[PDB]
Protein chains: 2
Amino acid sequence: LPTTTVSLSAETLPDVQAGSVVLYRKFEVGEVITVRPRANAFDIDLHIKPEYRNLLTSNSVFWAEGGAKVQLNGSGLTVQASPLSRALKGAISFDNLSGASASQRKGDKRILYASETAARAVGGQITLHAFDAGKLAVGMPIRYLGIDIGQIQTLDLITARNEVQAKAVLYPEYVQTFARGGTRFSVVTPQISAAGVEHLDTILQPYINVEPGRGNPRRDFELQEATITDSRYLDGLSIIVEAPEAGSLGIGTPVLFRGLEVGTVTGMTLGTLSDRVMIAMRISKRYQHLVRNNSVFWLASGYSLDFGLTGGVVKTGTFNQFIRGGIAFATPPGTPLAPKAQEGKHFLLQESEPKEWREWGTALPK
Amino acid sequence: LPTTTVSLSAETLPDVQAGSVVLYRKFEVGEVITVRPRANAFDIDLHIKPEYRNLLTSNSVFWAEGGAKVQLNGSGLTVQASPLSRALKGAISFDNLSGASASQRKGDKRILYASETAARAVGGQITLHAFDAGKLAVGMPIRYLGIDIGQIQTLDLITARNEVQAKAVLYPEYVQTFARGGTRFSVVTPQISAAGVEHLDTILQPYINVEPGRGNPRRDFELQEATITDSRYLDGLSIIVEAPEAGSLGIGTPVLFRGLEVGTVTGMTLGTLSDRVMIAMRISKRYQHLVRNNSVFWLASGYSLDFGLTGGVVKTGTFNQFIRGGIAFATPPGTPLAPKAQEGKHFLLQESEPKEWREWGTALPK
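For this coordinate set, the PDB header names cryo-EM as the determination method and states a resolution of 3.0 Å.

> Teacher, can you tell me more about the overall build of chain A here?
Tallying secondary structure elements over chain A gives two helices and 26 strands in all. For 366 residues, the compact-globule estimate of 2.2 N^0.38 gives 21 Å, and the C-alpha radius of gyration of chain A, at 28 Å, exceeds that figure by more than 25%. Seen along its three principal axes, the alpha-carbon backbone of chain A occupies a region of about 100 × 45 × 40 Å. Within chain A, residue pairs in contact and separated by at least 24 positions form 68% of the contacts whose partners lie at least 6 positions apart.

> What's the story with the nonpolar core in this structure? I'm lost.
General note: in soluble globular proteins, nonpolar side chains tend to be found buried as a group. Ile279 and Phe297 of chain A together with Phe297 of chain B are the most contacted members of the largest nonpolar core, which has 48 residues in total. Listed in part, the 39 residues of the second largest apolar core include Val6, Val16 and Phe94 of chain A together with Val16 of chain B.

> When you look at the pattern of salt bridges in this model, what are you seeing that I'm missing?
Throughout the structure, instances matching the rule amount to 32 salt bridges over all chains. Among the salt bridges present, the one from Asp15 of chain A reaches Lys26 of chain B, with a minimum N-O distance of 3.7 Å. With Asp15 of chain A in the loop between strand 1 (6–10) and strand 2 (21–23) and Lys26 of chain B in the loop between strand 2 (21–24) and strand 3 (27–37), the pair connects residues from two separate chains. Note on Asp15 of chain A: relative accessible area 26%, which makes it partly exposed. Take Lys26 of chain B: its relative accessible area is 12%, and that puts it in the buried class. Here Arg282 of chain B ties to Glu211 of chain B by a salt bridge, and the two come within 2.6 Å at their closest N and O atoms. Placement of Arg282 of chain B in strand 22 (residues 277–284) and of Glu211 of chain B in strand 16 (residues 207–211) is noted, with a sequence separation of 71 residues between them. Each member of the pair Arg282 of chain B and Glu211 of chain B is classed as buried. Salt bridges linked by common partners bring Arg25, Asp95, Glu116 and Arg120 of chain A together as one network.

> Any chance you could explain the side chain of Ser9 of chain A here in plain terms?
Relative to the helices and strands, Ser9 of chain A is located in strand 1. Those residues within four positions of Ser9 of chain A in sequence are excluded, and the remaining contacts are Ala41, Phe42, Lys109, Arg110, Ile111 and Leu112 of chain A.

> Could you clarify how one ought to interpret the sheet that holds strand 1 (residues 7–10) of chain B in this entry?
Paired through backbone hydrogen bonds, the strands of a sheet run either parallel or antiparallel to each other. In space, the seven strands of this open sheet follow the order 1-4-3-2-6-5-7 (chain B), with mixed pairing throughout. Each edge of the sheet is formed by a strand with only one pairing partner; in this case those strands are strand 1 and strand 7 (112–113) of chain B.

> Please explain the side chain of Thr202 of chain A as it appears in this structure.
Residues and elements named next belong to chain A. With respect to the helices and strands, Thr202 occurs in the loop between strand 17 (196–198) and strand 18 (208–211). Of the residues examined, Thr202 reaches a relative accessible area of 3% and is grouped as buried. Polar side-chain contacts of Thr202 include one of 2.4 Å to the backbone oxygen of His199. The residues touching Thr202, leaving out its near neighbours within four places in the chain, are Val188, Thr189, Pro190 and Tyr207.

> Before we go on, may I ask you to explain the relation of the copies chain B and chain A in this structure?
Two copies of one chain are present, and they are related through a rotation about an axis combined with an axial shift. For these two chains of identical sequence, chain B goes onto chain A by a turn of 63° and a shift of 0.1 Å along the axis, with RMSD 1.7 Å. As the rotation angle and translation indicate, the two copies are arranged about a six-fold axis. The position closest to the rotation axis in chain B is occupied by the C-alpha of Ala194 of chain B, lying 3.4 Å away. Taken together, the interface assignments show that only 8% of the residues at the interface of chain B recur at the interface of chain A, consistent with different surfaces on the two copies.

> Teacher, can you tell me more about the domain arrangement of chain A here?
A common measure of how large an interface is: the accessible area buried when the components associate. Residues and elements named next belong to chain A. Taken domain by domain, chain A consists of domain 1 (1–122), domain 2 (123–227) and domain 3 (228–366). Relative placement of domain 1 and domain 2: their C-alpha centres are 29 Å apart. Contacts between the two partners involve seven residues from domain 1 and, on the opposite side, seven residues from domain 2. Of the roughly 430 Å² buried between domain 1 and domain 2, counting both surfaces, carbon and sulfur atoms make up 53%. For domain 1, the biggest contributors to the area lost against domain 2 are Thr117, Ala121 and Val122; these three give 77% of the whole. Along the contact surface separating domain 1 from domain 2 lie zero salt bridges. Counting the contacts that link domain 1 with domain 2 gives one residue pair in polar contact. Here the residues of the side of domain 1 that touches domain 2 sort into three nonpolar, three polar and one charged.

> Please explain the environment of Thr269 of chain A as it appears in this structure.
Following the sequence through the fold, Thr269 of chain A ends up in the loop between strand 22 (260–268) and strand 23 (277–283). Accessibility expressed as a relative area gives 52% for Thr269 of chain A, which makes it exposed. Taking the C-alpha atoms as reference points, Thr269 of chain A and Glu242 of chain A, 27 residues apart in sequence, are found 9.9 Å from one another. If we skip the residues at most four places from it in the chain, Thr269 of chain A touches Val277 and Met278 of chain A together with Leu260 of chain B.

About the cut-offs
Residues numbered from 1 in each chain as written, not as in the entry; some residues may be left out. Chains lettered and ligands numbered in written order. Part of a larger assembly, values for the part shown. Heavy atoms only, no water. Residues with missing side-chain atoms left out of burial classes, pairs and counts. Helix = DSSP H or I, 4+ residues; strand = E, 2+ residues; numbered from the N terminus. Rg over C-alpha atoms; globule rule 2.2 N^0.38 Å. Contact = heavy atoms within 4.5 Å. Core = buried A, V, L, I, M, F, W, Y, C linked by side-chain atoms within 4.5 Å. Buried < 20%, exposed > 50% of the residue type's maximum accessible area, 1.4 Å probe, protein only. Salt bridge = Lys/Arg side-chain N within 4 Å of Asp/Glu carboxyl O. Pairing = 2+ DSSP bridges. Polar contact = N/O pair within 3.5 Å; in protein donor to acceptor, adjacent residues only side chain to side chain. Least-squares fit on C-alpha atoms. Domains from an automatic or database assignment. Buried area = accessible area lost by both parts, 1.4 Å probe. Nonpolar A, V, L, I, M, F, W, Y, C, P; charged D, E, K, R; others polar.

Here it is as structure tokens:
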């Protein structure tokens, strides 16, 4: 009987027997010897060949792969039964991960995770409180600008507090950047309507989008409904326009200057005294020089058709403001240009769309 | 010929035969001896090894394994055939469930369930009365906030009472929270329209949504058409507005304050004297302090175009109130603020949309 190089441990051993092949992520380097239950878990004894024992380091993670799989995707039809023992008794893969052996490996032994993802789920652990786990799933990736930052580990249903606590994890090189005071998460869902489709990849692979923030390390967040997808306006002038009613505005609605997209709406609070919606926006740092201290903001949301007694021409356009209610810019004329707007600046939505706007032509140098 | 440890019983024999391995939830602890029918039910005799005969307790459920594991995710079709040494041999599995063996595994013998899920279906049994079983199916999950609470077990067609009695089951940890006076169930269906899609995961995997309630143990409910999906507004102020006509309102239409969703509409009854539709609402516990005792509610449903004599501008916006007719708040100004509204409070839908609302600016501290 071969000597046990390493001994794993797992409740509900994931389809492994005596004789399952142990392969270094693509290449057989050992074999499973014995499987013995102890109290309520199982000891799984591996035997790495002596000329490959160097591949087994301290920060190694093991996971089961099962038998043959016939994955069919864009890469053609890839069959995976390359060793006869994998397709007959199962397999156990392993790899060397940087950042493992932190708080889950010491004291008894390593753990044979049931899948490949569950082994990769290493790093700082956060807690995502959500109101409905219908959009969530175990192992769902957490992404920033399309790159995976971490994943969801569990989905608990707390019933006293009627919410779902989803424990996630951020990979160790992102736990410092994210997991700060003001980061926000939200499940990206497909958007199929008459006015176009987007996020069609989230039909079969939904993910969680993240928007970072500055502040104290939090490690305990709340899943939101929407989030700015791209970081085009992450840096840049943050300002706040006050409106007596939010209405057609939402997160991500564009902020327009002369009809070009300049910034987006990031949040719609309700103010301390609940009498004004504090619409928080982020003007791009490329157009930060346009937000002067006397700029007037107005609501370019939907169509505003004209009217005339003897004659009134009507205008339609095709603006996405009828799809996502935009906010519009203006700078009134004057030779001593008002100073640039600071960060903590509060404007007021002028519901009137100043009629002499198009003939202003205020010079705004960079 | 080994000795028979436990005798089973199953209908529609699931591809197991003499020699099939009995594995302890993944670990082989015995084998099937013989498969015989006696009157109409296949008896199936097992033989657990003597060192594992303690793992077979009173609350142990058996189920037939087998079959591939197709998995349609973002990386392809990915059919899996994890075992082969046992796949071509057949394998029934078993495990000890906390709360099993209530009134069904005792008296004659256990039952070999055709799949793993049907075996786990243990707990308190409820009866859902439906009007159309076209949306339901045996084994369909019952979810609360997305976590499975139980599942459907049967689908009977009572012809006397022209309805369908669908016996379900709630897992023993949730049979106390639900199975109360005010819980309501409803099948969640895909909604694909020009206004957008949602619940696209119910195309291949529908479920039944639950909203808990406070009341006496019921154990006998009726399936409904709509339910509040998330528990964002479960805890919170639940008030009632009276209207001469419901019309555009329905379960789930938002309750708006300055245009922000603050609550939802949870029910539309008709009242004792059938002359006033009683729209039941739930204001969130976060914005509960806004519902003052003198607040005026109005109907922000659809679009309402203007009409002017000398100069009249028409507005369209982009409101989802044209999709889900919203109800809006207002609090008239006053220095001795009226007290906060209690739970059983009855307002009146003032259809006029108070004209000077946007200039009220009532300070509502928290």
